[PDB]
Amino acid sequence: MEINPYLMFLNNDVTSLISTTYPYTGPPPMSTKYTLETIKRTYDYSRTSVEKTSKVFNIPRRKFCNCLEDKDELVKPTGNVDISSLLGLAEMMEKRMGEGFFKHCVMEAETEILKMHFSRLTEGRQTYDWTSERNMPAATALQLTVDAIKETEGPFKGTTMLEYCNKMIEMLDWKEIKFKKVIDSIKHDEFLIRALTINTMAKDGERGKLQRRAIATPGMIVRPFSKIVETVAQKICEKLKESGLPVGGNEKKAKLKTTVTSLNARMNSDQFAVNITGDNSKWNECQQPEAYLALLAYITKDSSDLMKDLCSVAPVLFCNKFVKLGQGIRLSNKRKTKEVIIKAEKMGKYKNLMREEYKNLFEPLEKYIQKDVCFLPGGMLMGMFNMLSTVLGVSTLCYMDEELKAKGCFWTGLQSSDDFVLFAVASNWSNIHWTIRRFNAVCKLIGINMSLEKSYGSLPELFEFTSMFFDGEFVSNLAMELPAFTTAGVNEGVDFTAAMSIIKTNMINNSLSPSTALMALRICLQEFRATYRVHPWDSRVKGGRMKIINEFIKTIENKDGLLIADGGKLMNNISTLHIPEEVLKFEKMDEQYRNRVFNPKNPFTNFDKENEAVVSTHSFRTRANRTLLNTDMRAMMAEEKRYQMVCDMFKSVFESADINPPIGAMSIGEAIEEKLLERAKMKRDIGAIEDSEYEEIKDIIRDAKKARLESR
Amino acid sequence: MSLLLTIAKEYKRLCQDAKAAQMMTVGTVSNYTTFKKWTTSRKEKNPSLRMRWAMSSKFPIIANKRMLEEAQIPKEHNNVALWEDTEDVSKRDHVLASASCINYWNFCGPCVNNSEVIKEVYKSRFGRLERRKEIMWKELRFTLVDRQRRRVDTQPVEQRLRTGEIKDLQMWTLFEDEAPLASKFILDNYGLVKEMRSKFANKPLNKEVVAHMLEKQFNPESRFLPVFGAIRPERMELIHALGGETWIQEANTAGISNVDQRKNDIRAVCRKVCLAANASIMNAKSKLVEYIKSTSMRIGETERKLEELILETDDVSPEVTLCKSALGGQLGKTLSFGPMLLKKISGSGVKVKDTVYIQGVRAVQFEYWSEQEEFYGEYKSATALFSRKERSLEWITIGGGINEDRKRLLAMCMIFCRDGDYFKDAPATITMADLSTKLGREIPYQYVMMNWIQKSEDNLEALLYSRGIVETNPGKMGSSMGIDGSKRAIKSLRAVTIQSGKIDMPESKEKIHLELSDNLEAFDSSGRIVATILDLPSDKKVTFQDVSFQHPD
Amino acid sequence: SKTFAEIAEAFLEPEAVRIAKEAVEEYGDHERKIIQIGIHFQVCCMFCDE
Amino acid sequence: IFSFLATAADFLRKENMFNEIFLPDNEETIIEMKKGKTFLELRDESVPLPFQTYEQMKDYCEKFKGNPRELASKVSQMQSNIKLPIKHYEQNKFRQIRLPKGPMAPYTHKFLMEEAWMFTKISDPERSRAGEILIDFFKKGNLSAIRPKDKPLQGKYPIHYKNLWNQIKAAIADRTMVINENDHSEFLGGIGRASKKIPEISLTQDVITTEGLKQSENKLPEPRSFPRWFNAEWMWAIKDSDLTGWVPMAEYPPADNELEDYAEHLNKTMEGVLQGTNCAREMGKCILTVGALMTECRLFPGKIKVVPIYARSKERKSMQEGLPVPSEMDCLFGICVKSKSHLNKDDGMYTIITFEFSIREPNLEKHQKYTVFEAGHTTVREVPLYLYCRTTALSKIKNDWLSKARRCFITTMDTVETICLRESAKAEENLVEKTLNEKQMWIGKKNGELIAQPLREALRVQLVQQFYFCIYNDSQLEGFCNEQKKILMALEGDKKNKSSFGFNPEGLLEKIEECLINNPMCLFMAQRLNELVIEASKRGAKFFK
Amino acid sequence: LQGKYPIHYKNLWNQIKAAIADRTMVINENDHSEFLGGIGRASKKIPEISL
RNA sequence: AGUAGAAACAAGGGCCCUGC
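Take a look at the structure:
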């Protein structure tokens, strides 16, 4: 016999089985050629050749906004924008939502930008440090930038976001910047270029669209302005109904379902609808920051004179960005025995020993190039502006005209970033075709393209949107979320409850069936036992833990009360997935065991902080890596150790520093001293302290105060 | 004691340094928070991979050193290692150890005197367990389920508070010496603080853990979920084991957690004071605020002020709305027209004037909105999605489950939109006496028709007839509605569609500051009325338990 | 949150909020000044004390 | 007053609003972005084309008024110079997919599946580790009877493989599973064949001209053809294996309501059906062997070790008659060897080497990479024995994912239970046993006719599909499975009379066929997709032959 | 101190005080009494003819 | 040798250290 699994698609639907296709049971698969190709495609899509010269950097500046030329093969992408059309679309969207709409949104945003503290820049994905020129986490990058400010001119007294932004602005006009290193200083031009730089990271954690194989990482002099723009963009996007970017899960499904009911109820007897599943292409390579600058200028037109100046920064900084070529080419001989390695700044030197492909791809981008960076004056990169792009995209789905109504035609739909669904309505196929072409035209006037291979259409109820297939029902693929049924990777206390919670939410939302949930529960339990090298008592496994387990097991009298990490069996099921095991077993442990486990003085317990779990001896922390032991990253560990010493002392005196954030008018030294003297009296009055000890303490403290105030 | 002296010596050594002195001198204390981030920052991409690859080592865990010596935890108990003298790179005051060491502690380690305090630290989860044990399951059955999506609460919680009222409560119960000035919430809720304090005092505890758990004990976890059947926190907490799209695990869970009883008590009290204050003619505003602040009520064990519960609840009812409005409490954007509930999805408009003749010629002004708007609407067990256009009910879809509810929902929508000729030429039955002014207070023609419908069923039948009736076209036989509320017929009403399957309640995490008039009708930055006193029941007698109306009236 | 008026309403009487709000509207100043005025106004009020 | 001000100050400090911004003095009432000198110089330079200073652009945007007519004119103009094609599939049908051309795609999985032979013994709980089982099997004497000869049936470098096998036996005999670094092991483990670095600062033109140092010429893979041995593997991995319990599983918790009884019952039936197949023993083999290799790689890097390829199972349960309580079994399929897995960083590579036992001679097309030897004889009567040998690699990621190969069960159970509950709900009755014993599913074709069998027996096809997805996953399979949904959506639209259409279908087919290269699973599934649309064309339109 | 269904008994006591206060000895809600009386036996019934 | 994909691995730092 010959086997063919696809044959099951004849006598069955396809959505109710589409999850079977996803190969998510195996590992997903893991430069400069890529970045150079991206730079090239960006310069090409701008279908123009006009150029100016920047008096600042003295580099040719391709201007791609309102300069369309080369109007052939528009089916292919185009990255030129007609600001007039853009503003027309924005005005129609405002008219739909009512007046005073954009003003209200910028007001809500400004209400937050002002009170925000400048330490919320520590939270977020990696950033590109501009001193060592490498990717540090966001916390460390912020620390280093602040340290540079302080060592150059004076300590940063600021405490809010606006003050940090003003300091950044000023730093673009200094003339010599200092910073620490194994205390180098630099000039203005070099630092300017080093600030506008942008780097790339190959994380692309989610599989999703295989096209995503990189992500951007701007510096720390560009982070606060980007946050400002994104805050206003979010405040706008949440209000619209034709957008699905901020929402998640049941929300976007409910949106689609109400949309379909509304559509079927509106259209008359002589009209029929059609749906389309679209996937725009080259999304981050056609979005232009100049159009964003014009649009943000139109939005913040009636608001305060402060927002008009803040929102306009991130656009110009992205209008003048430099990109980073990574790791350069590699040279080698025939046998491949030897091998020379070369970097970006040098590829301009050995440009004759490279493949003809690199030469055709590199020499054209040789004038835009500077030392190991390229001056990309437009385009975009992944992840930079998602909500703003969704707003710009949703402005189209709102279009309406006299011609569309003279024929009784109208479209709607729903868009998240570069992924949309369209619902066209008309009375005849000649007009369905005409409407679809009209939509495509209005989208081309502002750089929103459409992929002709990945896009398809059909009669009303069959479409897809972000891996969610829709028909009369909704097929929760349930393979999209399969990888999550694995030990999270925190500690023993947590992982089992975390896994049970994931199974529960799936049963509620994605319609995972009962028996499947039981199977997933058993599989996760086995994987947990395998990870932490532990097994039941009744089993015969040998090894480190099982040794002491079997040794002391005799002291127990009710094994039903043991924990899984101690050779315990499973007592949990579908109807008790919302209950941690420590709670489900507490009434049966042995007082001896129970008290030795839930003891607060453990050399192991650490708190993590969502964290719906119980804390006990099993809540440990793993060792810290040691590769750095060899790397000469120790000078930086020094300053970290200093901050840690200060903080742990302050907390030693005040126990609620972590729970309740401190406030007050004292500095830290003042508060510490005052509290120590107060506690000394409080004890010496009644508690076990002598006048000799009290006087010694007071003398120590006064000397410490003298030293603190004397150093400077 | 000696520890205090050690802390003093540590502070001195630290001040001897130069940078530490500058950082402990500049700015206020808030900097602590900032410094807490610049240190110990390190993450990992795939913690699962690194857990299976880290636990495969010899000494993968860290642990305290002095705590192990004091506990006399040996090394190499039975030829199996437990730890070794070293220094983790980050802490520098911790020592590597192995997982087996944890088991050693749990089996032959130091024991605390008692640990029943745990049941209090984790009251919410032992509460889940206890409520579960008192459920009586039933057979399991298979069928399709009508799951509507909506926002609900999943955590049964007594005395739901705000966040500012917890951050302080976490201090007077745990860190009292470091407590701030007494806030109003404390001085008022004294017994509550005393209660939480009696349990966690003179006990061996880790306090960070206890503080986090208190935040969890006072949080109604609000979620946007698909839902079926009654809506009660006791069910929503275990919805996963009651039904899916194709099955139902029958079980009776009616007598547990007593939540909605408190809410219905609160609404009864609110209706009482609203009507009382309405009895006035010139001070209903100040009268109402005074009646509110002059009242109290019992919740479980504690005594709470009414004005404090009203600013904590989320009952979108035409009574709670008025009170929350008098007290300057912000609220959600949900409308209310009589018994039904409403929520706007899109559209706009503005007021416009029109007139109608009651009997013969008697001009009476009534307003309407001049634009198109789209609305979700909710009556008992029936949902609808409709649209109005310039004094007309353009279209409507329904997803209810009863004929009576379908007819009533359709009728109240027609009234809400001023659709029909009756708004063009009122019926003979109504007169100037029934018009308005029980005692002088006028009544817009809308609520006039409303009560005219609620009076007799035949008025409702006539109003539905006001809607065009036609012959059921082919194919549409299933999606059609007669006058009785039947899913199909030969002749059905005009521009109406039925369906099985409720409509998804819209959602918006928005808040609005409204106000009200001397007639107790709230407005929202527009001529639209979100609440009033004509949309609530006429009257009824009730015996309130554990209430205090310490006010003369 | 979501507006300075809502913030100020946390520790002021809603009446003083409405007063300071009408005032800032009269002068047309940045509405982040709802707070100072309400505070100032309330002090003056509680200084009268009947 | 002082009390009120104290409360207010606490509130503000808590909200971070106790600053000059919100509580200014008379003077500091003008907060503004400090527009510097360089930034202004840039902003007036980043402007769109028609404008030349930010002031002009701001005045044009702040006063912009809507002119719907010019907008409609530009929209229509753009709508005319585009000419977007619209193609109803019924009129423009889909050609077939064109697989590449060349030799056949050979076996690629690390372990053998159909040709694998195993030595079995009974398991005693005391000796349970791998390094021990490998010795117990060595004492009984069969593992030592093996002795290949210098003449291989096929392959290359036979001398190295022979010496390495002798060293493996020697190391096992010394009770220390380690191997020394000699010329043979060094050559097979690729020990010293990592490139040597040459800094450029020390480089010159004479050096280049001395030894050509051109840029490395990446040699992308070359194509292959449809594998004809894949269908055989699929049919062999569907049958029982004479034993069971190959894949370890946890216990069932208690139950309190009918729901949990239902859950336990269905889970027991399905697991009992699947635990007996051959696909299951291959999963168990992968689980345990990769677990062993992962531990070794963690503890003993920089040291060549010896790891067995084994599995544990339990002989089936006859009736109460005869010897009750069937016993357990340790099975051994071959030997494996690692080589200095210094996984300093993820995605790295540590070569390993595989010596396996078989009783079926090879084929040049399929077993291309192997180097087979004639070993000797083994019983069943006497039958020859062969020794398949090769070299390959793994990494942290493949280790982690292969060890977690029990996900296939979750997916398979999901599909089956969904079908059963959907059929049971439409009738409001337990049609689960009926739906498993009666509802028939097409499996394949034989003698030009279709074949069908109950759901209870069709589970095995889906299980094997999921296991193969776990094994052969790569970027090629990724792209293919990503591009076939467009075709299935077209098919469903065809089944339901929804007049589908598309904008450029030829481009879709090109994208699909771009990712078909030398991957047995992709090639197999492409041939089967062509056959699906062919078989359905007898019942639907939109597909060309 | 020792018991099986504390929540039902407690809520039912509250309902009793409520009934007595209202001068009517009846208890309207039937959730706790129903449970505590039906814990012994309560179930469906299938006709023999439909078997 | 081998792996993998559109670039990387086939140890890396100072005889000793290590595996995000």
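Protein chains in written order, with the working numbering: chain P, 15 to 726; chain L, 28 to 580; chain C, 15 to 64; chain V, 25 to 569; chain E, 2 to 52. Note that CB positions come from ideal geometry on N, CA and C, so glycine has one too.
Anything in chain E within Cβ reach of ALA206 of chain L, meaning under 7 Å, just list it in chain order. Mapped onto the second sequence, residue 206 of chain L falls at position 179. Those do not exist, as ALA206 of chain L stays about 35 Å from chain E at its closest Cβ, beyond 7 Å.
I'd like to check one pair, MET163 of chain L with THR200 of chain L: are the Cβ atoms closer than 7 Å? Mapped onto the second sequence, residue 200 of chain L falls at position 173. Mapped onto the second sequence, residue 163 of chain L falls at position 136. No.
Under the three-state reduction of DSSP, which class applies to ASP187 of chain P: helix, strand or coil? In the first sequence, counting from the first residue as 1, residue 187 of chain P sits at position 173. Three-state DSSP puts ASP187 of chain P in coil, outside helix and strand.
With a threshold of 6 Å on Cβ separation, who are the neighbours of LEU436 of chain L within its own chain once the five nearest residues in sequence on each side are excluded? Here residue 436 of chain L corresponds to residue number 409 of the second sequence, with the count starting at 1. Excluding sequence neighbours, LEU436 of chain L sits near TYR406, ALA409 and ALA411.
Note the first and the last residue of the continuous beta strand (DSSP E) segment covering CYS360 of chain V. Taking the fourth sequence and counting its residues from 1, one reaches residue 360 of chain V at position 336. Element bounds for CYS360 of chain V: 352–362.
Under the three-state reduction of DSSP, which class applies to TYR41 of chain C: helix, strand or coil? By 1-based counting over the third sequence, the position of residue 41 of chain C is 27. In the structure shown, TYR41 of chain C sits in a helix (DSSP, three-state: H, G or I).
For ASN347 of chain P versus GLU235 of chain V, is the C-beta distance shorter than 7 Å? Taking the first sequence and counting its residues from 1, one reaches residue 347 of chain P at position 333. Taking the fourth sequence and counting its residues from 1, one reaches residue 235 of chain V at position 211. Cβ atoms of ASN347 of chain P and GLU235 of chain V: closer than 7 Å.
Mind checking the region 302–331 of chain V against chain L and listing, in chain order, the residues whose C-beta falls within less than 8 Å of any C-beta there? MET318, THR319, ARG322 and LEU323
Using 8 Å as the Cβ pair cut-off and three pairs as the minimum, do the region 281–300 of chain V and the region 600–612 of chain P touch? no
Would you verify that the beta carbon of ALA96 of chain V is, or is not, closer than 7 Å to some beta carbon of chain L? In the fourth sequence, the residue the question calls residue 96 of chain V occupies position 72. For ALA96 of chain V, the answer is no, since every Cβ of chain L falls outside 7 Å of its Cβ.
From the DSSP secondary-structure annotation, give me the bridge partner or partners of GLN477 of chain V. Start at 1 with the first residue of the fourth sequence, and residue 477 of chain V comes out as number 453. According to DSSP, which records beta bridges pairwise, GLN477 of chain V is partnered with V:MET465.
Report the neighbours of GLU39 of chain V on chain C: residues whose CB is nearer than 8 Å to its CB, in chain order. Residue numbering aside, residue 39 of chain V sits at position 15 when the fourth sequence is read from its first letter. Within 8 Å Cβ-Cβ: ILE21.
Tell me whether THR136 of chain P is buried or exposed, calling it buried when 16 or more other Cβ atoms sit within 10 Å of its Cβ. Within the first sequence, the letter at position 122 stands for residue 136 of chain P. Buried: at least 16 other Cβ atoms inside 10 Å.
Where does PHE621 of chain P land, buried or exposed, given buried means 16+ other C-beta within 10 angstroms? Start at 1 with the first residue of the first sequence, and residue 621 of chain P comes out as number 607. Flag for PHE621 of chain P reads exposed.
Measuring alpha carbon to alpha carbon, tell me which of V:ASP160, V:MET142 and V:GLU139 ends up nearest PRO149 of chain V. On the fourth sequence, position 125 is the one that residue 149 of chain V refers to. Nearest of V:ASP160, V:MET142 and V:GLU139 to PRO149 of chain V, Cα basis: V:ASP160.
Are at least three pairs of beta-carbons, each pair with one atom in the region 123–140 of chain L and one in the region 236–247 of chain L, less than 8 Å apart? no
In chain order, what residues of the region 38–49 of chain C put their CB closer than 7 Å to some CB of chain V? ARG46 and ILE49
From this set, P:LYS90, P:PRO617, P:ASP705 and P:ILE686, which residue's C-alpha is nearest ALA35 of chain L's C-alpha? Here the question's residue 35 of chain L lines up with position 8 in the second sequence. Out of P:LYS90, P:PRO617, P:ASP705 and P:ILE686, P:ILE686 has the C-alpha closest to the C-alpha of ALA35 of chain L.
Taking a Cβ distance cut-off of 7 Å, strictly less, list which residues of the region 558–574 of chain L are near chain E, in chain order. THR570 and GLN572
Of the residues V:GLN103, V:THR459 and V:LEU356, which one's Cα is nearest the Cα of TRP141 of chain V? Taking the fourth sequence and counting its residues from 1, the one referred to as residue 141 of chain V is at position 117. Nearest of V:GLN103, V:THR459 and V:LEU356 to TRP141 of chain V, Cα basis: V:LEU356.
Starting from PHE205 of chain P, trace the beta strand (DSSP E) both ways and give me its first and last residue. Within the first sequence, residue 205 of chain P is the residue found at index 191, counting from 1. Careful: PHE205 of chain P lies outside any beta strand (DSSP E), inside the alpha helix (DSSP H) at 202–210.
Measuring only the C-alpha atoms, how far is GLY575 of chain P from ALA126 of chain L? Stepping through the first sequence from its first residue, residue 575 of chain P is reached at position 561. Stepping through the second sequence from its first residue, residue 126 of chain L is reached at position 99. Taking the straight line joining both Cα atoms gives about 20 Å.
Within chain L, the residues that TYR6 of chain E reaches when beta carbons sit closer than 8 Å: Translated into the one-based positions of the fifth sequence, residue 6 of chain E becomes position 5. Those are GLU161, listed as they occur along chain L.
For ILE212 of chain P, the nearest candidate out of P:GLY138, P:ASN564, P:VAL337 and P:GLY102 (CA to CA): Locating residue 212 of chain P in the first sequence gives position 198, counting from the first residue. When only C-alpha atoms are compared, the closest one is P:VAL337.
Would a C-beta distance cut-off of 7 Å place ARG418 of chain L and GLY512 of chain L closer than the cut-off? Along the second sequence, one-based indexing puts residue 418 of chain L at 391. Along the second sequence, one-based indexing puts residue 512 of chain L at 485. Their beta carbons are not under 7 Å apart, which means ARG418 of chain L does not touch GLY512 of chain L by this criterion.
Meets three-Cβ-pair contact criterion under 8 Å: the region 258–277 of chain L and the region 296–310 of chain L: no
Taking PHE477 of chain P as the reference, which of P:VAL504, P:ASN463, P:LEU428 and P:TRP448 has the closest Cα? Mapped onto the first sequence, residue 477 of chain P falls at position 463. For the residues P:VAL504, P:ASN463, P:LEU428 and P:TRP448, the minimum Cα distance to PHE477 of chain P belongs to P:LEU428.
Could you say if the region 533–543 of chain P and the region 509–525 of chain P meet the contact criterion of at least three C-beta pairs nearer than 8 Å? yes
Mind pulling the chain C residues with CB within less than 8 Å of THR435 of chain V? For this step, residue 435 of chain V is matched to residue 411 along the fourth sequence. Within chain C, no residue comes near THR435 of chain V; the closest Cβ sits about 45 Å away, beyond 8 Å.
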